DNA sequence: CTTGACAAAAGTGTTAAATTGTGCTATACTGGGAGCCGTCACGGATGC
DNA sequence: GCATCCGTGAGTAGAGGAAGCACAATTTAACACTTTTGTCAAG
Ligand SMILES: [Mg+2]
Ligand SMILES: [Mg+2]
Ligand SMILES: [Zn+2]
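Protein chains in written order, with the entry's author numbering: chain A, 2 to 106; chain B, 1420 to 1502; chain V, 75 to 90; chain S, 1 to 57, 63 to 1119; chain L, 202 to 423; chain X, 2 to 95; chain F, 1210 to 1239, 1253 to 1262; chain P, 527 to 789.
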């Protein structure tokens, strides 16, 4: 609707960073070495960043647009377009604070 | 005050062009701390956002021109001023 | 010892 | 075609083997034929004798000998199966238990060493490669002047690359002589004390200069024990490590006295000995013996520095760019260094292996793990900067690539950092490095070529030959000397007149330390061998080189490499004399070993019966594809029963005619403008060239595909492809591969392969379609190999490799691989690039019919038309003389050999032209034809221009014009003569590898990138054109806002925009308005990953969602 | 343990965890010095950390041990035979239950992913990611032909009756996105299961007739 | 050069206004299928096809020729965009 | 480029930069030539 | 983490940095839960800080983090967004575009100042959607899909396709470009003329502005699509309209070497 | 349009079995290995 | 006024690119077994 006229840049608070994220990444696992599917809680988890293919959960129980905006109870993957995987971010909860190197060096 | 082309370009008001020229880290950190807002006045910002540049046929002086033939113009004026 | 070298700093710390 | 020779210089020695730099170095490195007990300590043997013995301090691993076995596969098999042509290397080792005193010996396999072909190249993973020699600073001791302080000098000690730190000695303003090591400065007094130096000794040796010694006489440390001094130095160098005498002495010994870590090479040791006037016992800065340190080089170099600062006559600074201070590492030295580092890694592996696990029962086989050595060797031969893909467009290309010298690579300079200093032509390059030959651009001066007569000695210094002159008479004693030795003599020039052997000229032009001078015959000590030693092999093929500007001779010599072999290639009319040697030394042709008689001649083989009785069969390389795609074949040049002598030619190689290098064709060239088709370097050619197949070349293209095992199933290479008609499968045999000899065009199938379709339910519209048509969806899909656009030809070969085939090593998951060879015969067309040896290059812009080209009065049309406006600005006048001599030889039917700087001069060319006119105009008179009216008009106009003498008869005026190289030329279109005489002759022109067929590319839509979603790049990828920043600037300057917006969004990365635009265009509508680019979205997301809150606002500062609500948490 | 996927300090910290475990489980009654028992735990912790954290795509510990044993056997056969062994030798040397196929599968599993930012050539302006096309998002041609097929199929269904078109677009999932069933569609119209199968077949036959008379829909079938 | 390009440049105060007018007129002509043209049948641009002379499908040429004729009125704030489009649709059905 | 008064909306800054920078390659390099322009 | 055609896996360098950070954070959490001594906790916190620094900006402080088995530093976010190969200068200020070609240039003396010689095959590939639409309009093909399949194979292309292509390009222009684009006349709009061959024909008078001679130069061809783009190219960017130099005001398309000699 | 059957695809437990995750091994062992110059040169801002 | 740190250095192409073992816990493939769907037949 409205047109983009200005672009603002500012610091992101921890609250805002957590608001961006769709889930916390707790494991460094990327994918399964045998099934080649993303590992749960990993860097490529479907339950966080979205489904790999459009309108299909991880468990393969919902596979059509009819159940759009839904979250499968078996797997937790939202049934939506897979392009959201380019737009959904995660977050890591640091045990101790870490300074941003840009504002130090 | 007098300054060179590099220093004058890096000290511009829009952070997008300054970040896309040089010293990306410094420009971005100074803009983020100050919460700078870019008004998209120049050409590089519009190129980055893929918008219509404010020059040539994209300038406000000529962009809103309207073209209309005799018959339709007469119709529009007659069917309204008749009231 | 060396501030910029983590290994040397750790070895110095454990040597105390 | 009789060959007439010009020249007066009698050359006393022939050119050395042009590939000996590659061959002899590797032979010295390997020493694969020397008996083990007589091998000398260089190369691989030096590496073993340096790393071994490995001592645990009581296990000792000792090395006895090594050997190289026969290669597992021949060169052709390695090329076919993508293997490496290498030989097995085993080492004989013995383990000694110093406790018990028992020795067990066995032979252990240490790996495979790549082998070098007889021509001087390697076969790495089935691809031909060349190891390029590297030029760098010679190790040793140098004495340079301090730029900050006039009158101050600094001493630099430089070891072999990655074989020790540089050492700096500088006289500080305080007077103390400071030593810099590893960026750390410290007093040299401390180190001198460490090496057992007192105060009275330094006063006795270095006290005869002045105040300088006083700065190096600090008594606060002289009395202090050398032990404490060494600990102090150890603490100074690396601070923090707890002070211990053992660690301190180990560190000092490893820094300046360990041969395994510090290595002043043989060149460095020789330079240090010849400079400091000393005799090094070893190749290290100091010697650690009897529990004490003994000095080797620090005292002499400090003495030299002090005496240089004093100003005694015998000491001078060193020029670091002097070619006596720069050395060459060939393939042998680089391979030896990589072998040594791999062997050191193996030695450390052995060391930490023999410290654990059944210490009593250890054999040399168990301790040695040879994988690090093989790994290092493979990295060097595959992913090194100096290991370059062989350039074999033609034999001269490979010859140059083998005779190239690079200042880049590991341990060398940087392309961007270096400038204006290392790129210059130093005075010492005369006779050692070719000045003109170099790549113009960012690598100018960094990559060069070795001279024709130059050779690299054992230590890596380039030497050049000179004839000894004693008493003013030149002898035949040739001495090869280096620049540092050359600078001691007055060397005359090779063009000096000689009355037999005595120098006849009273004034001799000579050089003293590179400075030209005029001396007397009795002051001359050496003389140049020939004018060819100054220039490389590539540059020595340019006739009349003295008439060409250097900037254009560079281009000519460089472009001689890019000429493609032709099916009707012919040797140039005007030669320099190196063509036969270039063909002979490139190993492209075939020559008889000794006298004999030819028994069998065939297109595939030649069988020759020698005098001793043995019959030798030589197979002929036929239609082989080079690295650049050109066809390399050999054609027999003998007949059955022909008697052949030793060295006689048996079969020509690529780009050669009867043993002479033939990179192009001899064409009839007229120098004149033509209707603007010659505008700005463009070339006009006749259709007669295509009719008789001139400039026609054969190129072979390779296509590869593999069948792989997947999760869903195995890919099948089969002729049964779903949803294809019989027309598409017509040329495929029962195995699914295209039959040999079939003509293929773009879009045709080469090999048919089917891949299992990923399990995915189809769209409802597709399901409705199949329900309507009652067609069940299959499980396999077409994934076959097709001819890319703009390609095709005739299928000439198919190679099929399977997993179980012997020798082939397929990667896991691949069952088979199929390779298809498609050959096409390319004719000269518009856009192809022609050139000549004098730097004149241009693309063909027009092809005229035979009746449109200008023709001679006898009816002979010209073949090529060249624009005269390209000569005055480029100052390459050699082509004009070549054209004149070519015309003279064309009407006399002879060829010429004019050596560079000593060849044909204008009087001789004019005499030849007089004979050519006498045979060219006498025939017309004999046939009963007088003087043409058109010729009379041209003669009148020329006499108005002063080109002929007024009052002469028409025949005499025509003869004058001919002696000037000009003839009366008619216009093929109108029939009227050209208003002025034109320069017509015969020129040798080459066809270059740059062809328009391989450069045209267009794309509407195709593949897109992963992250940015922008089009890929490259013709092979079917990618788009990079629209960089300057193009955007140009569009902004034009004021074309909508075109720029389109190229930024619709045509690059606006997914919705590009899809809608394509659909609208194919539907006949106008493209819709564009949207936000995906690259900006990627930028925003990546900025958010840095904890930066980038937000897009509207006119009222309210947030605007550019992600379409796909990134908002509910 | 350096050079096996983990940095030196990571190995040190994993060994520290093992040392804490050893201190927890150590017993001084047996009169053995602490180092003898602590070395076992430190090596165990370091080895488990290497097996768990040295690969981008994590592989189970047992499979890592199998890969290591296979590599050792291959190296021994390579140094004994004086050449690179084929899969048959390696499988024979490994023992029972091993064939060439299993060795090849294990080697395929043990392949590390390659970085997308590895430069090719001396010029530092080309990477792997510049040559990998994206095959997930549909191309403009695919979207265009999908839209054309949808439009032509909608124009073809207009000839059908008002309910027959609805029955087909429900059974084929052209309305809700997902295909229904005869019973589920029957609930919508109140019709029994059997009747729908006949009207749908009749509409399909009519569409086949129209396609045969026009041939405006055969090209989209590929 | 484009025919009458000097006259086109002389008819506006800024060349980019000329470009905007030409493009907008071209899109108006394309949207209504060339039925709103101010060109007489003897003035319509033509192209030579193998079959014969047919109307030029390039709308930019039509717009330039129409602007050359002088029967078009261009400017800013002439009529509302919605009303202009609605009236053009009513007079010229498409 | 047209020998008439400039039209409103032209990107004269880009034109100025391009005009100044185009003959930069012709300037001598060997306080003179291109370095002089750069320091100015 | 994409799988290439051969089955091999390719991944970016950010995954390794994320894995390092996550592993160090989890190990610190475990160490804290175990009541580890202060030295171990301090070392782990220092490593966590260093991992965060490497992820945000690798190589700024200390030795760059490299992938084991190589000495190539990993690519961090700052490296992605900065430099000549960064996001801005490589993907935002300049892009690769569709409907673009490239070929060698030759001289065309018969062309008018506003014309250029475009090879037939380049025109077919560049104007492919318009050509498919025109083919559908006539009887050449039944629909767009059939026309595209017809154009896939060279031997399946009939002779009416060239007539349709000639009809399509009527009036349209294309932008010719030669690099480097030093000034704004390095991109110029020309009216294409379909020619037999594979090389682009260039008018002699526009060579000085392009700085293009004919010893092997190549040029790129771009096709503007909409009515605004065509109007801008024909009115503003046309070669016959830019006759004077924007820098000095003197003529820039003027007689050259051979023309001057002949006059 | 409505009934009543019937064969086959699909959903629902159940389990032996490959597959994966976790723990422990007791002579004594106690601060690293690389790496090293045609160091790139010139501005510019900052801190002492 | 000297040290010290830090950022910058043209474009488009091409083409060549080293542990084992034990035992519990969490998937996974095979096997029945029962509805749940298409069909078929008539009225
Ligand atoms: Mg070059
Ligand atoms: Mg050129
Ligand atoms: Zn689910």
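Where is the CB? At the ideal position from N, CA and C, for every residue including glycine.
Residue range of the alpha helix (DSSP H) that includes residue i
i             : result
residue 413/S : That residue, residue 413/S, is in no alpha helix (DSSP H); it is neither H nor E in DSSP.
Sub-8 Å separation of residue i and residue j beta-carbons
i             : j              : result
residue 458/S : residue 538/S  : yes
residue 182/S : residue 260/S  : no
residue 564/S : residue 1115/S : no
residue 704/S : residue 831/S  : yes
Closer than 8 Å at the beta carbon, the chain B residues around residue i
i             : result
residue 104/A : 1448, 1452
Residue i: CB within 7 Å of a non-hydrogen atom of ligand 4
i             : result
residue 844/S : Here the bound small molecules are ligand 1, ligand 2 and ligand 3; ligand 4 is not part of this structure.
C-alpha distance - residue i paired with residue j, whole-angstrom precision
i              : j              : result
residue 35/S   : residue 74/S   : 14 Å
residue 170/S  : residue 1260/F : 39 Å
residue 1073/S : residue 1013/S : 25 Å
residue 709/P  : residue 1224/F : 8 Å
residue 366/L  : residue 777/S  : 13 Å
residue 318/L  : residue 311/L  : 21 Å
residue 130/S  : residue 306/L  : 24 Å
Residue i: first and last residue of the uninterrupted beta strand (DSSP E) it sits in
i             : result
residue 298/S : 297–300
residue 710/S : 702–713
Chain-ordered chain P contacts of residue i [CB-CB under 7 Å]
i            : result
residue 31/A : 527, 541
Chain P contact residues for residue i, given Cβ-Cβ distances below 8 Å
i             : result
residue 214/L : 553, 557, 566, 569, 570, 573
Listed by chain order, chain S residues near residue i by CB distance under 9 Å
i            : result
residue 38/A : Chain S residues near residue 38/A: none, gap ~11 Å exceeds 9 Å.
Amino acids of chain A, ordered along the chain, whose beta-carbon sits closer than 9 Å to that of residue i
i             : result
residue 374/L : 65, 67
**Request:** Just jot down, in chain order, the residues whose CB lies closer than 6 Å to any heavy atom of ligand 1.
**Result:** This selection yields 444/S, 446/S.
**Prompt:** Around ligand 2, what residues have a beta-carbon under 6 Å from a heavy atom of it, in chain order?
**Reply:** Residues whose Cβ lies closer than 6 Å to any heavy atom of ligand 2, listed in chain order: 739/P, 741/P, 743/P.
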